[PDB]
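Remarks on the structure that follows.
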Amino acid sequence: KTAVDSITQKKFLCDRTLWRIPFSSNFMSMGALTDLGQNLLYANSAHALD
Amino acid sequence: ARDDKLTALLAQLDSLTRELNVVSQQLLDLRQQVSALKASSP
Amino acid sequence: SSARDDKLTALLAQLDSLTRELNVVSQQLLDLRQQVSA
Amino acid sequence: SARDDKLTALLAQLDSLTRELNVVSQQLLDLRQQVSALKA
Amino acid sequence: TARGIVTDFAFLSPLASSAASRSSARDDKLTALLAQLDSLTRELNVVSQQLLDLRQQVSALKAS
Amino acid sequence: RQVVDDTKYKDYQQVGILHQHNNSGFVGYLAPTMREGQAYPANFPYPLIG
Amino acid sequence: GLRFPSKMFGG
Amino acid sequence: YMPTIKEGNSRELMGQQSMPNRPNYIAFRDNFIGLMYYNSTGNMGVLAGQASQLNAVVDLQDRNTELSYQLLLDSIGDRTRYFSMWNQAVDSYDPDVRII
Amino acid sequence: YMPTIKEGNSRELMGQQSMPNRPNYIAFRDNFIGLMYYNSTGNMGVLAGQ
Amino acid sequence: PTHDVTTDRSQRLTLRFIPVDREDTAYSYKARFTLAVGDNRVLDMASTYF
Amino acid sequence: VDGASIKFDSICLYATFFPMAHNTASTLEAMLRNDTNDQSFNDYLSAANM
Amino acid sequence: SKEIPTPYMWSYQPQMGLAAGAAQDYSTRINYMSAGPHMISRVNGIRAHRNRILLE
Amino acid sequence: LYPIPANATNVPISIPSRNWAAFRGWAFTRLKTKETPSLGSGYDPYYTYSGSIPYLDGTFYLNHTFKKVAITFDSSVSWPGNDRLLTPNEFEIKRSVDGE
Amino acid sequence: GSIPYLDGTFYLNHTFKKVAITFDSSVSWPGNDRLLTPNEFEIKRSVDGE
Amino acid sequence: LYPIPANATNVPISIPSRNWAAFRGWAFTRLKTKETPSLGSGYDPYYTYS
Amino acid sequence: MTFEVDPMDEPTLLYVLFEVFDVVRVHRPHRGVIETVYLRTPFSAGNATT
Amino acid sequence: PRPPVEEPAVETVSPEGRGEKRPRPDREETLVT
Amino acid sequence: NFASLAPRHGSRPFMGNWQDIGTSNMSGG
């Protein structure tokens, strides 16, 4: 009943793992050779990445 | 007065501490961003 | 680029005092607001 | 050049702003010791 | 003694090919901070106008 | 336009309309009435040139 | 061209 | 009118008379002439591909890109109008001042 | 070697020591490189019929 | 017209280009950009400015 | 002599893009890569300056 | 340009094993902007004799 | 391995130009320079550390220190684009300030 | 006086900061990363850092 | 001439897509930006080297 | 050409426009490739193909 | 109210009424739109 | 024939003119 005015600190820890961002059009693993690796934009031309 | 006068300080000190709790968050954000540019700079 | 880092590390040291001298005003304003409440 | 001048000119403000906020806290110590000395 | 001439060199070695593309991106951010910081001193001055008027006003109004 | 800066200009004094005396003795004070006052160097506005 | 009608006063 | 060459206050300096300075309008030029190096072979601009690296801007000294752009805006648009984005405000003397 | 920061003659300027300037060979380049504008699209030369 | 006029993908109307290699001098200023026109796009250079 | 001075903070290149449909802007792209569809321009002054 | 065009040379993709896409042979062009009719007509007969070989 | 200085926040990396065919995706994790040897070289004489090496054994632990990720192709086009995400221009991993 | 609702003498156009149009309580209009600030129509600014 | 920044180790270059008919080979040598004038331009004001 | 002008008490210039056909034909055959051919007649700088 | 139009349907802008250099004033000859 | 790219005035496309595709703008001629 004598508690202080508080604020909540939220965080997470996620050990041992890699933050994977798949190069797929729906972010799903439908195959090892993804549908954007077979995309003719990324297959027939050279593009910069930043 | 005494009653209406006391409500003149509860309608201005709340207006200033709402303007001071936003500029304190904004200054704490921009301090952490100057420390970002000083670190990346040679 | 040594002449330009002094302009930034002096700006960090004076935003240090600015967020500290504002921090004592934000604690003295909630003192005299709750002083009116009594 | 002008970027370093804007870095220099804000420090004239950031020292004049922490000097005002120094005496801002000096006038609010006056207020909390005046309202306390009027109710009793 | 021989640490910080080739342990800061082998550290910052991938960032050497982009030393001009990143210098203009920090030129972008620094000219964007100092305009957000100038306008922050515009608000804190006009807040402090209202924050010091209540010494002159209320001391002749509380104690009257 | 350019106005004066109350944060950078060292000798800034906020002078309201009661105390601005440009055209001091050749212009009626706070009114379209008859002139009043003496000739005197002005204090308003601050110079933006020179 | 030659099909444009001639200028007269009021018509 | 300075009556007295001597410094310091005197009765003769009540007769000194003050004239306003001449109005001097300093600004960027019409359509931002003078900012960009055109037709300087020492400062020729580049629009090229990143890979072939052959500049498609062949710029010459006896070309006048500024005056080509000033005369183009007269033909395709109303030139008396003002446009602040390209600073398109044509230099125009006063007709009562030039011809009295 | 200047023994004294101050100017004017002194006993200490008997100890100042001379060294010859470095040899600098200023000349036209080999085969007159840099006289003629080759490979300049803005300063290109002409051999044409009249 | 509805179809085959405006794209159904995401695309910025206006882009912002930071210089790649800027160079400051007392008498001039040089700025080197990457004017990267993305695929399935056309850029009229009249719409470009500094 | 009169103390005027210009300085540059940062110069950015902007580019406004018409959001053309992706297989309309690729049909236009394919047509404009011919040598028969080269974009030919003329200087409005069209003069040599002496 | 329409009668005697420049051939679209195909870009290969060694991974998919298909052709990427064909652009015109801009990089093997021959510059007769300093030639006259005694030699522009002789180069245009070589642009056209090449196009007969590629159809063959 | 891209270097991050002490108290540094942004890590701008850049690929010049490449055919991106058969690209599977990304996978990123922050490391420490003290805890990562300069491999490729046969002997690192400035490697004064003998703990777990997260570069080699998968003992990654600085995953929580990521704020956001912005991926742009061809210096102009944001990825994935197409308004896929709730903030479509970037991969916001965590937020300190959340009002929405 | 002049009724701007009836005669078209509108004069308070400059007092707008921004407009946020969201269709169907979820989809921001125009969406599509169209604008430099794509979630709303920023009409004017006080803080202009970028 | 491909630029190499200071203390840069690996320099990738690219040639977009091209008929390589009658190609003979490569030859290459590192230069210095201080020693090499910016040719193509008819004058180099940034060239403080002789 | 011979110009008879009024005498002025100042060094003046004579700006003659020798009107030509300053034409540029622009070819973009592949992604990233920008080829231009310049021709002005009569006062030819020459065959400024790029 | 509307620029001049040919009808080949398709709807084609007609070039009539445009301004030209003339040795004689164009209002006494044609209508200029 | 790219007539679905033209704004329909009525039921027909408002195509432009053939002769408007080029330019002849030049100072003095």
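With ideal geometry, Cβ positions are generated from the backbone for all residues, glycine too; neighbour counts draw on all protein chains shown. What follows draws every value from the coordinates through simple rules; no lab data is involved.
From the set of residues in chain B that are part of a loop (DSSP other than H, G, I, E, B) and among the hydrophobic types (A, V, I, L, M, F, W, C), which is farthest from the other protein chains (Cβ to nearest Cβ)?
The qualifying residue farthest from the other protein chains (Cβ to nearest Cβ) is B:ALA11.
Just for the stretch K:35-44: of the residues that are within 14 Å of chain L (Cβ to nearest Cβ) and among the acidic types (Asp, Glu), which one is farthest from P:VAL20 (Cα to Cα)?
Of everything passing the filter in the stretch K:35-44, K:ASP35 is farthest from P:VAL20 (Cα to Cα).
So is M:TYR2 part of a loop (DSSP other than H, G, I, E, B) and more than 14 Å from chain B (Cβ to nearest Cβ) or not?
In short, no.
Any idea which residue in the stretch A:6-48 is farthest from O:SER14 (Cα to Cα), counting only those that are assigned to a strand (DSSP E or B) and within 16 Å of the chain's Cα centre (by Cα)?
Only one residue tops the list, namely A:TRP19.
Of all the residues that make up the stretch K:24-34, how many are more than 7 Å from chain J (Cβ to nearest Cβ) and either in contact with a helix residue (DSSP H, G or I) (Cβ under 7 Å, 6 or more places away or on another chain) or not charged (D, E, K, R) (or both)?
Of the residues in that region, 5 qualify.
For the subset of chain I comprising residues that are in contact with a helix residue (DSSP H, G or I) (Cβ under 9 Å, 6 or more places away or on another chain) and among the small types (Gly, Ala, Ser), which member is surrounded by the fewest Cβ atoms within 10 Å (Cβ to Cβ)?
I:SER40
Here is a list of conditions, (1) surrounded by 13 or more Cβ atoms within 10 Å (Cβ to Cβ); (2) within 14 Å of chain N (Cβ to nearest Cβ), and E:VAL46 meets all of them except one; can you say which number that is?
Evaluating E:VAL46 over (1) surrounded by 13 or more Cβ atoms within 10 Å (Cβ to Cβ); (2) within 14 Å of chain N (Cβ to nearest Cβ) leaves (1) as the failure.
Can you find a residue that is in a helix (DSSP H, G or I) and within 11 Å of another protein chain (Cβ to nearest Cβ) anywhere in the stretch H:14-25?
Checked against the condition, which is being in a helix (DSSP H, G or I) and within 11 Å of another protein chain (Cβ to nearest Cβ), the stretch H:14-25 yields no hits at all.
Considering the stretch F:31-50 alone, what residues qualify as being surrounded by 10 or more Cβ atoms within 10 Å (Cβ to Cβ) and either among the aliphatic types (A, V, I, L, M) or closer than 28 Å to D:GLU20 by Cβ (or both)?
Correct list: F:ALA42, F:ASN43, F:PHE44, F:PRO45, F:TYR46.
State all residues of the stretch N:7-50 that are of a type in the set (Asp, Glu) and within 14 Å of chain E (Cβ to nearest Cβ); if no residue qualifies, say none.
Within the stretch N:7-50, N:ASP48, N:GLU50 qualify.
List the number of the failed condition for M:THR72; all other conditions in (1) β-branched (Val, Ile, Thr); (2) part of a loop (DSSP other than H, G, I, E, B); (3) at the interface with another protein chain (Cβ under 9 Å from one of its Cβ atoms) hold.
(2)
When you scan the stretch H:55-75, how many residues do you find that are more than 7 Å from every other protein chain (Cβ to nearest Cβ) and in a helix (DSSP H, G or I)?
The qualifying residues number 6.
To keep it simple, each residue is scored yes or no on (1) surrounded by fewer than 10 Cβ atoms within 10 Å (Cβ to Cβ); (2) within 30 Å of M:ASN82 (Cβ to Cβ); (3) of a type in the set (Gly, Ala, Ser).
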position	(1), (2), (3)
N:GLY1	yes, no, yes
N:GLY8	yes, no, yes
N:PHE16	no, no, no
N:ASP24	yes, yes, no
N:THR37	no, yes, no
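Out of J:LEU43, J:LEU15, which single residue is within 7 Å of chain K (Cβ to nearest Cβ), under 27 Å from K:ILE6 (Cα atoms) and buried (at least 16 other Cβ atoms within 10 Å of the Cβ)?
After applying the criteria, what remains is J:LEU15.
Looking only at the stretch N:20-29, decide whether some residue is under 14 Å from M:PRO88 (Cβ atoms) and part of a loop (DSSP other than H, G, I, E, B).
yes
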